[PDB]
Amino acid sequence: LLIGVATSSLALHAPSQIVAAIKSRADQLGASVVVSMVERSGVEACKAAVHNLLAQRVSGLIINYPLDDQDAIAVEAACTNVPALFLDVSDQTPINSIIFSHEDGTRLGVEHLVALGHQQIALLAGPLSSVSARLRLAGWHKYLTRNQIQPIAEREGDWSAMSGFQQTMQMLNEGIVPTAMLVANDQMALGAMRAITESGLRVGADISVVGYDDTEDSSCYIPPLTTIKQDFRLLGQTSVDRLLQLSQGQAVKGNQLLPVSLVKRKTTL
């Protein structure tokens, strides 16, 4: 009944929604939630957060923070026996984890653009320090290669809208104009959509955009953003229930994958 959440920056909209979805499940169950924010990137920042949560005697940890394989294991060891569930890891890491299907996410975005007839596709990845950014990049490569398509550009942002603006602007100023972009989050897609629009092009007709997350604002971007919905409500419910199953010792104990879906809006065409 006291869950600690260690989270990547709350300035990013997906972690804030996840935190809210966690609380909201914990509220149903009578559980309290404490949140500690991880001080930029690395296993040492994440361990720091974990100790600060254990410093208030949480009975369970939800770690929503990107950890490379060995890092996740270092972090799991430091959770010293207190139930810990990881939310931003590869499904290959031998720890308790609930992740969204990157295979599906990436397949859907790729297959959607392929069905729409795009052949000039650019990739705007998240920062490759993030395991989840890398999984989505890898997935786009997998499905594009299956489709016998190579991206015409692939860039890397930092998940923020401005990084999406800068990367898309620099891609465009290089003379590289895809007819569609697969973007690794909705915040970066917002930025890319601004780059596109300010370059005198129409989002959708000239450069379609597929985002990732369906974070809350996305239905009201201009135009509303076609995207890979990851249900953070489901993530919150699921992880809280699982955490509590763990602290009562009769839980599933590796990875679970949650499904995702494609929300068709107005930025594809």
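So that there is no doubt, residue numbering starts at 1 and follows the sequence shown.
Comparing 110-118 with 181-189, the one whose average Cα B-factor in the PDB entry is higher: Averaged over C-alpha atoms, the B-factors run higher in 110-118.
Residue stretch of maximal mean CA temperature factor, 69-77 vs 159-167: Per the PDB entry, the higher value belongs to 69-77.
Out of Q150, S132, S101, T93, residue topping the C-alpha B-factor column of the entry: Out of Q150, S132, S101, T93, the record gives the largest C-alpha B-factor to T93.
Most elevated Cα B-factor in the entry, residues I207, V35, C220, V38: That would be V38, according to the entry.
Relative C-alpha B-factor of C46, binned into the chain's lowest, middle or highest third: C46: CA B-factor falls in the highest third of its chain.
Chain third (lowest, middle, highest) by recorded CA B-factor, residue given as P15: Bottom third by C-alpha B-factor.
Ranked C-alpha temperature factor of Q230 among modelled chain residues, by third: Answer is lowest: the recorded C-alpha B-factor places it there.
For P83, the third of its chain into which the C-alpha B factor falls: CA B-factor rank for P83: highest third.
Position of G236 among the chain's modelled residues by C-alpha B-factor, lowest, middle or highest third: Ranked within chain, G236 CA B lands in the middle tercile.
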